[PDB]
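Participant: Take this structure, written in structure tokens, and hold onto it; I'll ask about it next.
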Amino acid sequence: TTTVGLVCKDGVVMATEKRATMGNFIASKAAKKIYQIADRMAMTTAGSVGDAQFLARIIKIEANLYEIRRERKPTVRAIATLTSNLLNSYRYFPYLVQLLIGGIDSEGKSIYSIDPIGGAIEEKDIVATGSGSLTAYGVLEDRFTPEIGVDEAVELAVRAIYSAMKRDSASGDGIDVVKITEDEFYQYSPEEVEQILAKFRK
Amino acid sequence: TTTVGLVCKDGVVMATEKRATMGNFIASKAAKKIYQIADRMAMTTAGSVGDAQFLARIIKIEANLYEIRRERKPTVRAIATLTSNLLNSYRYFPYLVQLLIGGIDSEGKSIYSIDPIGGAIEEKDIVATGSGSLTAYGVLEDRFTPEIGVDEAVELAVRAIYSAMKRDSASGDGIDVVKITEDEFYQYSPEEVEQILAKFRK
Amino acid sequence: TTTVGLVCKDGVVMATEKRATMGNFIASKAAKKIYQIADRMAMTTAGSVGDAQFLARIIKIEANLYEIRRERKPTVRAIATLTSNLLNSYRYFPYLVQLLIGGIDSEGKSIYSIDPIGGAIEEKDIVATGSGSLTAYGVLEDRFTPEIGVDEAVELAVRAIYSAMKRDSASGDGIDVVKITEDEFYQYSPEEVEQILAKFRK
Amino acid sequence: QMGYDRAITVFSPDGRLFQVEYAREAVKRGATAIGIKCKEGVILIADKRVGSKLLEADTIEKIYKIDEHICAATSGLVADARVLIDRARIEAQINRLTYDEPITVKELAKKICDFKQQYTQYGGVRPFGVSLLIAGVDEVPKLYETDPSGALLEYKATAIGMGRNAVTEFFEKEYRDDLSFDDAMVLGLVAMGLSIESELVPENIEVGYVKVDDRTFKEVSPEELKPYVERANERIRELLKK
Amino acid sequence: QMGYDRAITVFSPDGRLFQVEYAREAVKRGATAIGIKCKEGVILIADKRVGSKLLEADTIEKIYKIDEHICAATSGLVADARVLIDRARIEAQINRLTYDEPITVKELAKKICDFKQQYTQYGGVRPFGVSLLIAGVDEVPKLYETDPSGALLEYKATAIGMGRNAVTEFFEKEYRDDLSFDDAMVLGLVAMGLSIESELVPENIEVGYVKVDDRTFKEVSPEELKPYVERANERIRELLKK
Amino acid sequence: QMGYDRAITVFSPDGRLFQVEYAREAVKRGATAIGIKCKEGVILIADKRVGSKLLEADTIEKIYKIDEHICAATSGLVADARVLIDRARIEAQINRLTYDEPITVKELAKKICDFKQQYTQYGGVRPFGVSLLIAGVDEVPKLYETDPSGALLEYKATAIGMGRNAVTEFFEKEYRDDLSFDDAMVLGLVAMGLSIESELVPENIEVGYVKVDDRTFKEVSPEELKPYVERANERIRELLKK
Amino acid sequence: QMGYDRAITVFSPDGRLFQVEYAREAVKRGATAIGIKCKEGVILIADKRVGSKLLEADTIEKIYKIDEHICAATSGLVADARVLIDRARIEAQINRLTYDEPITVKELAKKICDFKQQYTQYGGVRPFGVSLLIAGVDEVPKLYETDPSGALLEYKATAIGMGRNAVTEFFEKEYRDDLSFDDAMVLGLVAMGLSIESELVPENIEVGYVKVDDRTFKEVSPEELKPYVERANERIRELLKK
Amino acid sequence: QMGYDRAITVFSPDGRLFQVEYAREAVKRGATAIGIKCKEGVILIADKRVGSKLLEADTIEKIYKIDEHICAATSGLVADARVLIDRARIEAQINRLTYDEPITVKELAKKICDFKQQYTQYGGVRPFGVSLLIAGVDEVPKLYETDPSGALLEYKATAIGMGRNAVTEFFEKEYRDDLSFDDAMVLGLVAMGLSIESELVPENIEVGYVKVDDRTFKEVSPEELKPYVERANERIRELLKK
Amino acid sequence: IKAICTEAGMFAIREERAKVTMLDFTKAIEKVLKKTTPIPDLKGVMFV
């Protein structure tokens with residue numbers, strides 16, 4: 001599985017693959033691996049389906065509480081550090097999930113990448129996450145311009161995952177894209193995204 | 001050990017294998033693995049026998065009590081999250097059953113899958129789960145219009161579970177088909193289900 | 001994965017290789033593996049990004065608490081011992097890591113090697129640590145002078161780790177040097193360094 | 001004074017508990033509730049009159065589904081009720097978890113009584129000053145009244161709250177154990193009319209029941225309530241002319 | 001002296017517990033808040049007049065977000081409000097966690113009624129001396145009042161605090177649930193003036209609302225509230241001549 | 001009163017908790033402290049005055065740094081104050097652990113108001129007899145007063161202590177909202193001068209502040225104090241001849 | 001004043017807590033202790049006065065060792081002192097465990113005083129009715145009074161106990177910052193001789209001190225106390241002709 | 001004065017914990033236990049006269065073993081003596097457990113004082129009403145008086161109980177430090193003789209002693225007691241002729 | 001009740017009218033209410 005993130009100057013665009021494939025197992029027709037944390041904030045996860053879904057529900061609810069508490073929406077940073085801490089607390093249950101928590105705040109746009117031992121790090125650039133990551137970086141970094149919008153990011157995020165699929169037996173379809181263009185928190189869904197890759201094939 | 005679920009225009013219809021055999025031990029030939037949680041909600045289990053019933057009995061109890069306290073029928077989404085929370089919280093008392101909670105409620109129609117490691121994902125209108133799951137997806141999707149009746153859905157539900165049991169050699173022969181037409185809760189049960197598939201000659 | 005450290009006569013220098021990889025996801029390649037503990041106190045980790053950063057937040061926070069509570073900036077030893085005792089508590093799961101904690105204090109300058117399972121020992125002017133330690137002693141000691149300046153210490157810190165890099169197999173390209181001369185808390189970062197090392201390798 | 005009475009852990013020289021004796025009377029200060037049992041079910045009537053018109057006509061609610069085949073009425077303070085019904089409901093649904101069977105109207109009402117008895121022994125807590133009528137069909141109809149002392153009395157028809165005194169007297173002469181469902185139901189509404197001393201409107205009273213041809217909780221909406229209320233109002237008028 | 005109020009566990013001889021009825025008074029001495037429900041949504045409006053000119057105008061806060069679609073406002077010790085409103089957002093959110101559904105107005109109202117009642121029953125810790133307004137739209141607009149004891153009352157419209165009584169008399173005659181969103185906003189503003197016996201200023205009130213046709217929370221902004229205040233001022237001024 | 005003032009678990013018939021009103025008198029036992037909020041930074045002036053001339057004036061401060069942009073002053077007990085700000089130190093730090101973000105002044109006030117509130121509710125513990133003035137800058141300057149009870153009031157100009165009364169009176173008349181930090185610094189020393197009733201000397205005051213372009217706490221050393229105090233001393237004389 | 005001195009969680013109406021006020025009367029009741037802080041050190045002298053020869057030469061003890069550079073001495077309830085000082089010892093060591101830095105007096109006083117404060121707060125525990133004067137040299141000399149209320153005070157010269165009043169007056173004249181280490185210590189004996197109103201011998205005074213130039217606690221032998229006694233005695237004699 | 005001597009929490013104006021000191025009058029009523037030290041060891045003699053000749057007057061007893069060089073006699077309740085002396089025994093072997101060295105007389109004395117004080121300082125649990133005298137030779141003779149309070153006073157020779165008043169006056173006159181094992185043993189018997197005003201016999205007395213020369217606790221059998229008894233007896237009568 | 005009436009009548013003399021009124025009564029009641037166990041005061045601060 002693989003989830004990509006890139007920081008544009010016009011927003012945050014990340015993408016996921018809904019099918020989660022063990023090796024020959026279609027597990028789910030569809031599955032949320034994209035959790036809407038806010039209209040500005042996202043968690044896009046690569047890893048186990050069941051443990052990731054449990055943890056996302058925690059953060060989403062306490063993201064909102066922290067929004068209510070201050071009268072003032074999270075920072076992208078503040079949720080991410082919450083996930084590193086909640087993972088290390090709960091490392092006595094065996095949850096392995098790698099996350100991309102990203103979004104838009106008063107400071108600007110940023111993504112924080114999380115491993116299931118902890119850590120949250122700042123990236124203003126290209127970040128890709130999962131076992132398809134090694135491939136993903138090759139595609140994403142070259143064609144990264146700092147002039148890149150969210151308009152040209154959606155073709156790029158599709159293309160990263162897409163390559164990955166054709167060298168991994170554990171990468172599913174149902175290629176989803178989430179776009180956070182700072183006006184909306186949009187989910188393209190499978191259908192639209194599938195024509196974008198129809199122009200990277202035939 | 002497999003379960004299927006599809007969303008009708010007019011109801012939701014789901015199916016179970018009803019005789020669950022492992023090695024040469026058979027628990028009973030009227031061992032229950034089909035659960036009635038509420039009036040127009042059902043739950044269908046794949047996975048272990050013993051963990052299926054014990055878990056189910058507690059969820060009927062939650063169903064009732066939540067109805068009484070909120071004074072509104074509980075949602076399919078509410079109990080699908082509830083079951084997940086329980087599974088993640090009890091890993092020192094772990095239950096090894098893959099749930100499918102589905103039905104009709106106020107929200108509309110929807111079918112959630114719950115993993116034996118917890119966590120609740122939603123499928124638009126088709127879902128298959130279990131050992132039989134890979135064939136069972138293709139049987140359903142051949143005739144699936146979202147405008148399939150209940151009468152044809154219960155017909156469709158059988159052909160997926162019936163295919164699964166014969167392919168494996170240690171599965172038994174029993175099937176339950178459940179229809180929930182929004183006005184009726186019928187349990188067709190092995191005899192009636194059997195003759196539905198007796199029209200195939202074998 | 002190797003870290004070095006040396007007290008000059010007038011500053012303290014430590015350096016850290018940025019390459020952490022786990023699976024087919026590279027955790028850090030241009031993302032920090034160096035943390036600010038206080039104004040002129042630093043900590044470098046040799047070890048995994050998850051472990052390192054969760055620990056580092058803890059030690060950073062209690063560092064701040066020390067400056068406020070007692071109305072006295074923390075010494076190298078305050079942080080050092082504290083990190084040890086804390087490392088003793090948690091031993092139930094991986095939390096074994098090779099740490100160097102240094103900078104400037106009012107009694108002078110110090111660097112302290114903190115052993116994984118507790119302990120803090122002090123080192124006059126040269127430490128290593130890491131898996132590249134054997135190589136590092138040759139480079140660092142041969143070119144040490146006790147009247148070594150800052151200038152030639154930032155230069156030396158790059159040379160120990162990068163000659164070590166080759167002989168190591170989980171080390172690689174990307175390197176951070178940190179300078180604390182009691183006038184700057186500077187993080188040189190990969191780009192700037194690759195150009196200084198453009199002179200001492202080619 | 002009088003007492004000996006500023007503690008629940010002190011027996012008074014009268015051989016009572018003052019604190020508790022005073023707490024039965026707090027039930028009387030809150031509204032009435034009327035229970036009536038027949039050989040066709042058990043009807044439960046609960047006063048939903050409160051306020052003037054600034055309040056909502058319906059004020060929650062005051063007749064809770066406790067289990068599927070058990071309902072309970074409340075009399076006394078709203079606050080004490082709120083929490084008391086929470087534990088009864090959980091304990092009933094626990095009985096279905098541990099035996100997978102109905103809970104007895106009698107055995108449930110005992111465990112309601114146990115919760116307030118725990119707060120009568122310990123001096124760090126007070127018991128609830130609230131009385132519920134426990135009406136249901138276990139497999140036969142039964143009516144019990146739970147008391148804030150932890151007391152249990154099986155009735156056949158009763159009142160508790162404001163109308164306690166009045167409606168006992170009314171039922172000595174009138175109550176008959178061969179009444180039809182409709183007759184018993186109507187007789188309970190006359191008993192509420194007596195209590196308030198005014199003609200009943202079906203919009204300001206709440207009625208629920210369990211029959212023995214059904215054995216599941218139902219509720220009588222105000223549109224359904226009209227004929228019953230009219231049939232009550234003839235006799236309530238007859239009382240309020242003497 | 002009395003001793004029926006040297007503890008809440010000591011019940012009065014009068015069938016009542018005075019210590020929790022003094023806890024009612026505690027609300028009263030605090031400044032007003034009014035909830036107005038119409039069938040187009042519900043409105044919640046509360047005092048911000050309190051305090052001199054040493055103070056900052058933004059007086060934080062009477063008008064608390066709880067959910068993004070549920071608001072609550074208060075009267076009483078706003079010491080006793082502040083921990084309960086944090087507890088309210090945690091508890092609310094716990095419903096949200098464990099079912100993935102928005103908490104319903106009623107069920108929230110009951111949970112906060114229950115939370116006060118832990119403190120009421122126990123004697124290790126006193127009853128809160130605060131009242132609460134819970135207003136939201138789950139899908140049906142609802143308005144409730146929580147008593148200091150933790151009693152649950154459904155309202156068409158309610159006030160608490162010093163203005164509790166003027167608002168009660170005003171709305172008894174004129175108010176109707178079938179009014180407009182526009183009418184409902186301005187009409188409770190008229191009622192709000194009378195209670196502080198002054199003319200409204202928009203800086204003297206913080207107003208939030210829940211819309212039925214949004215089904216989301218928004219807090220009203222001073223100058224966006226400003227026409228609602230002007231139109232109210234004709235009535236407020238007029239009614240205090242007399 | 002009459003035993004309705006001698007516990008913390010009693011309301012009086014007035015609905016006033018008197019124990020708490022007494023805890024506020026504790027604040028009033030302690031000495032003068034003033035905070036001023038301006039739109040360019042926040043200003044904090046503490047009395048540093050020594051009981052005798054043989055008590056050292058170095059640790060007898062009220063001004064304690066709590067975060068990188070948050071300081072605070074106290075009146076009340078020293079004893080209570082020192083533990084109470086140490087808790088707020090841990091809170092502020094922990095916020096930075098779980099969010100890596102310096103706590104908001106508003107958020108810090110809410111947490112430590114709720115800290116105090118449990119000490120108020122429980123009967124086996126007193127509330128802290130302290131008020132704080134929490135002054136910091138997070139986006140823009142904020143100024144708060146915490147009550148001993150746990151109430152939260154936002155202010156723009158305030159004092160606590162014995163000198164409280166006089167200082168409000170002064171800031172009613174003199175105070176302006178368009179004064180700069182430098183100018184307002186001068187005004188706050190005349191207000192402190194008013195309250196102690198003498199021309200100040202740097203060795204009997206301590207000033208700390210937070211400006212917005214620094215985004216840190218800095219502390220005003222006695223060297224850095226003198227020119228502001230001289231400007232102020234001039235006007236202080238005129239009021240000791242009034 | 002009654003009913004505000006019967007509990008430690010009851011404030012009097014002045015805001016004074018008389019429970020705590022009575023705890024200074026404990027201090028004044030017990031043995032004198034005088035501390036002198038100087039530029040060269042810090043000398044602490046505590047009464048070793050015996051009223052009979054039946055009492056052993058050394059009564060355990062008037063000057064406790066806390067660290068090898070930190071001592072403190074007692075006035076008050078000597079019983080109480082034992083638990084208080086065991087704890088004092090333990091904290092100073094504990095800080096060397098976890099930071100490996102000698103504890104500074106400011107923070108040690110804070111931690112001991114927090115330990116007091118906890119028993120002022122709780123209704124279940126009465127606070128230490130004993131005072132210690134904690135002395136040490138860390139970076140520079142320090143002298144503190146840790147109070148039974150949990151207040152630290154740094155002084156230039158101090159005294160506590162029965163001799164408290166005389167010596168506050170004494171050092172008001174005599175503490176000057178031109179004092180040497182020997183001329184400071186003579187002064188602690190003279191201060192001590194005015195309090196008890198008689199001449200000295202070495203065995204009715206117990207002196208230890210902490211010298212800068214060692215940074216270590218020493219406990220002064222009777223042999224080398226004899227010379228300084230003689231120099232003090234002269235002074236004392238003149239003071240006793242008044 | 002009163003009203004500050006019925007609780008353990010309360011301080012008097014005097015600053016005297018009077019509850020702890022009535023636990024010292026519980027000590028005072030019954031009965032002489034005497035310690036007398038020398039440089040040859042320490043001798044512990046205690047009364048064993050209580051009731052008729054139906055009470056076997058050879059056992060029950062004050063002279064309990066604590067260690068193989070430490071012994072204690074008691075005065076005060078018999079009940080407190082049993083537990084407190086068990087704690088002191090357990091603490092002697094805890095030193096052996098954890099340091100595997102003879103417990104020092106000082107350390108033991110400090111611990112068991114701290115133990116009594118903990119129950120003094122904690123409210124809601126009374127002070128032990130018993131006193132010990134702790135006698136031992138570590139390598140140096142010590143004789144201590146350990147108080148109900150939890151305080152520590154060292155002596156050269158002393159007594160608690162009924163005889164306390166008499167034997168102090170006696171030791172004022174009589175005591176020199178130049179006594180032997182035998183001269184101290186007999187002089188203590190003469191002290192104890194005036195306190196009960198009678199000729200002592202081996203039946204009604206008990207002596208244990210700890211020698212420097214062997215550092216065994218030895219328990220003196222009546223046979224061994226008897227030579228000394230003849231020697232103290234001529235004195236005892238003569239001074240009851242004076 | 002008679003003393004409240006006389007006090008009311010005296011209050012009118014102070015406003016230079018003989019017209020007795022609810023406002024005259026209100027001041028007159030208060031004199032009596034002042035004596036006994038007084039419900040007036042306080043608003044927060046902390047009770048707001």
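Here, A, B, ... name the chains of the structure tokens in the order displayed, residue numbers run from 1 inside each chain, and ligands are numbered from 1 in the same displayed order.
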Please find the residues of chain E near chain F - the criterion being any atom within 10 Å, counting only C-alpha atoms - and write them as a VMD selection string.

Facilitator: chain E and resid 1 to 3 5 to 8 18 to 29 51 to 61 76 to 84 86 119 123 to 129

Participant: Compile the contact shell of range 70-79 of chain C as a PyMOL selection string: residues with an atom at most 6 Å away, counting only C-alpha atoms, same-chain residues fewer than 3 positions apart removed.

Facilitator: (chain C and resi 67+82+102+105) or (chain G and resi 99)

Participant: May I have the residues within 10 Å of residue 184 in chain F as a ChimeraX atom specification, using only C-alpha atoms and disregarding those fewer than 4 positions away in the same chain?

Facilitator: /F:36-38,42-43,175-180,188-190,228

Participant: Would you mind exporting the chosen residues as a compact mmCIF listing (two decimals), in the first residue's frame, restricted to C-alpha atoms?

Facilitator:
```txt
# COMPACT_ATOMS: atom_id res chain seq x y z
CA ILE F 36 -2.23 46.52 32.06
CA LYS F 37 -2.99 45.27 28.56
CA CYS F 38 -2.05 47.39 25.55
CA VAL F 42 1.26 43.23 27.91
CA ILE F 43 2.56 44.83 31.05
CA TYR F 175 -6.99 55.20 31.54
CA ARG F 176 -6.88 55.27 27.73
CA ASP F 177 -6.81 52.49 25.07
CA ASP F 178 -4.57 54.21 22.59
CA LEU F 179 -1.60 54.50 24.97
CA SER F 180 1.56 52.83 23.82
CA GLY F 188 1.04 51.79 35.67
CA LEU F 189 3.78 52.99 37.96
CA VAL F 190 1.61 56.08 38.92
CA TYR F 228 9.87 55.11 33.60
```

Participant: Could you list, as a list in words, every residue within 8 Å of residue 61 in chain C, counting only C-alpha atoms and ignoring same-chain residues fewer than 4 positions away?

Facilitator: residues 37, 57 and 65 of chain C; 93, 94, 96 and 97 of chain F

Participant: Please, could you write that set of residues out with N, CA, C and O atoms as a PDB file, in the first residue's frame?

Facilitator:
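This went into result39.pdb:
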```pdb
ATOM      1  N   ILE C  37      17.468  21.289  22.557  1.00  0.00           N
ATOM      2  CA  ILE C  37      17.027  20.932  23.877  1.00  0.00           C
ATOM      3  C   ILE C  37      16.798  22.139  24.693  1.00  0.00           C
ATOM      4  O   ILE C  37      15.813  22.193  25.482  1.00  0.00           O
ATOM      5  N   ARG C  57      11.507  14.991  22.392  1.00  0.00           N
ATOM      6  CA  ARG C  57      10.431  15.856  22.884  1.00  0.00           C
ATOM      7  C   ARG C  57      10.327  15.847  24.411  1.00  0.00           C
ATOM      8  O   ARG C  57      10.133  16.841  25.087  1.00  0.00           O
ATOM      9  N   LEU C  65      11.203  23.436  31.421  1.00  0.00           N
ATOM     10  CA  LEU C  65      10.782  23.337  32.817  1.00  0.00           C
ATOM     11  C   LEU C  65      11.890  23.596  33.779  1.00  0.00           C
ATOM     12  O   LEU C  65      11.646  24.319  34.764  1.00  0.00           O
TER      13      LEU C  65
ATOM     14  N   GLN F  93       3.869  23.234  29.624  1.00  0.00           N
ATOM     15  CA  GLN F  93       4.883  22.390  29.105  1.00  0.00           C
ATOM     16  C   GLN F  93       4.232  21.213  28.389  1.00  0.00           C
ATOM     17  O   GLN F  93       4.692  20.876  27.321  1.00  0.00           O
ATOM     18  N   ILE F  94       3.237  20.536  29.006  1.00  0.00           N
ATOM     19  CA  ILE F  94       2.624  19.351  28.519  1.00  0.00           C
ATOM     20  C   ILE F  94       1.942  19.689  27.184  1.00  0.00           C
ATOM     21  O   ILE F  94       1.972  18.838  26.253  1.00  0.00           O
ATOM     22  N   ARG F  96       2.854  21.840  24.977  1.00  0.00           N
ATOM     23  CA  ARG F  96       4.045  21.878  24.126  1.00  0.00           C
ATOM     24  C   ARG F  96       4.476  20.424  23.911  1.00  0.00           C
ATOM     25  O   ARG F  96       5.025  20.128  22.880  1.00  0.00           O
ATOM     26  N   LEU F  97       4.324  19.420  24.872  1.00  0.00           N
ATOM     27  CA  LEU F  97       4.650  18.067  24.518  1.00  0.00           C
ATOM     28  C   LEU F  97       3.766  17.469  23.448  1.00  0.00           C
ATOM     29  O   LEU F  97       4.204  16.768  22.523  1.00  0.00           O
TER      30      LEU F  97
END
```

Participant: As JSON, numbers by chain, list the residues of range 14-102 of chain G assigned to alpha helix (DSSP H) by DSSP on the backbone atoms of this structure.

Facilitator: {"G": [18, 19, 20, 21, 22, 23, 24, 25, 26, 27, 28, 29, 78, 79, 80, 81, 82, 83, 84, 85, 86, 87, 88, 89, 90, 91, 92, 93, 94, 95, 96, 97, 98]}

Participant: Go ahead and write the selection's residues with N, CA and C atoms as a compact mmCIF listing (two decimals), in the first residue's frame.

Facilitator:
```txt
# COMPACT_ATOMS: atom_id res chain seq x y z
N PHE G 18 -6.95 31.16 61.02
CA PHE G 18 -6.42 31.23 62.39
C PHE G 18 -5.75 30.01 62.85
N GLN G 19 -6.07 28.86 62.18
CA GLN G 19 -5.42 27.55 62.35
C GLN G 19 -3.88 27.69 62.13
N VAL G 20 -3.56 28.41 60.97
CA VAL G 20 -2.24 28.72 60.47
C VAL G 20 -1.59 29.81 61.34
N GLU G 21 -2.35 30.80 61.90
CA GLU G 21 -1.86 31.85 62.76
C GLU G 21 -1.34 31.36 64.11
N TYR G 22 -1.98 30.32 64.60
CA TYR G 22 -1.72 29.58 65.79
C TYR G 22 -0.50 28.68 65.68
N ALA G 23 -0.10 28.47 64.38
CA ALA G 23 1.04 27.70 64.07
C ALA G 23 2.30 28.52 64.10
N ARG G 24 2.20 29.85 64.13
CA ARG G 24 3.31 30.73 64.41
C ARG G 24 3.56 30.93 65.83
N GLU G 25 2.51 30.78 66.65
CA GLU G 25 2.55 30.74 68.13
C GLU G 25 3.31 29.43 68.55
N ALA G 26 3.20 28.34 67.78
CA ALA G 26 4.01 27.14 68.03
C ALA G 26 5.47 27.44 67.87
N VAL G 27 5.80 28.19 66.86
CA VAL G 27 7.17 28.58 66.59
C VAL G 27 7.71 29.48 67.58
N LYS G 28 6.90 30.46 67.97
CA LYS G 28 7.36 31.33 68.99
C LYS G 28 7.50 30.66 70.29
N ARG G 29 6.78 29.54 70.56
CA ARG G 29 6.86 28.83 71.77
C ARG G 29 8.12 28.15 71.97
N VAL G 78 9.36 19.99 68.37
CA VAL G 78 10.53 19.28 68.01
C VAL G 78 10.26 17.90 67.55
N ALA G 79 9.02 17.40 67.91
CA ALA G 79 8.49 16.14 67.47
C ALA G 79 8.37 16.10 66.00
N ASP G 80 7.65 17.19 65.53
CA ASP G 80 7.28 17.46 64.15
C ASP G 80 8.48 17.58 63.31
N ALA G 81 9.52 18.22 63.83
CA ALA G 81 10.75 18.44 63.17
C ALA G 81 11.41 17.17 62.56
N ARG G 82 11.28 16.05 63.33
CA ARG G 82 11.88 14.74 62.96
C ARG G 82 11.48 14.18 61.61
N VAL G 83 10.13 14.18 61.30
CA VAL G 83 9.52 13.76 60.09
C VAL G 83 9.87 14.78 59.00
N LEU G 84 9.77 16.06 59.36
CA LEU G 84 9.99 17.15 58.46
C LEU G 84 11.42 17.12 57.89
N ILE G 85 12.41 16.98 58.79
CA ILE G 85 13.83 16.94 58.44
C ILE G 85 14.23 15.63 57.70
N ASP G 86 13.68 14.40 58.05
CA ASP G 86 13.89 13.13 57.35
C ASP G 86 13.58 13.27 55.86
N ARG G 87 12.48 13.89 55.58
CA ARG G 87 11.99 14.27 54.28
C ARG G 87 12.94 15.22 53.65
N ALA G 88 13.53 16.19 54.47
CA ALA G 88 14.38 17.30 53.94
C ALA G 88 15.72 16.80 53.33
N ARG G 89 16.21 15.81 54.07
CA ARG G 89 17.37 15.05 53.78
C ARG G 89 17.25 14.29 52.50
N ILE G 90 16.13 13.56 52.34
CA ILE G 90 15.72 12.74 51.26
C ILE G 90 15.54 13.62 50.03
N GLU G 91 14.90 14.80 50.06
CA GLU G 91 14.77 15.55 48.83
C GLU G 91 16.06 16.04 48.26
N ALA G 92 17.05 16.34 49.12
CA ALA G 92 18.28 16.98 48.69
C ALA G 92 19.16 15.92 47.98
N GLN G 93 19.05 14.68 48.50
CA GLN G 93 19.67 13.53 47.91
C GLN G 93 19.04 13.15 46.63
N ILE G 94 17.68 13.13 46.58
CA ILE G 94 16.89 12.69 45.46
C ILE G 94 17.19 13.48 44.17
N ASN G 95 17.50 14.81 44.37
CA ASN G 95 17.77 15.76 43.28
C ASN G 95 19.16 15.52 42.62
N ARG G 96 20.11 14.98 43.42
CA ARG G 96 21.43 14.53 43.06
C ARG G 96 21.35 13.23 42.33
N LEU G 97 20.33 12.39 42.56
CA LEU G 97 20.01 11.22 41.78
C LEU G 97 19.65 11.52 40.33
N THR G 98 18.75 12.56 40.18
CA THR G 98 18.00 12.75 38.93
C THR G 98 18.46 13.97 38.18
```
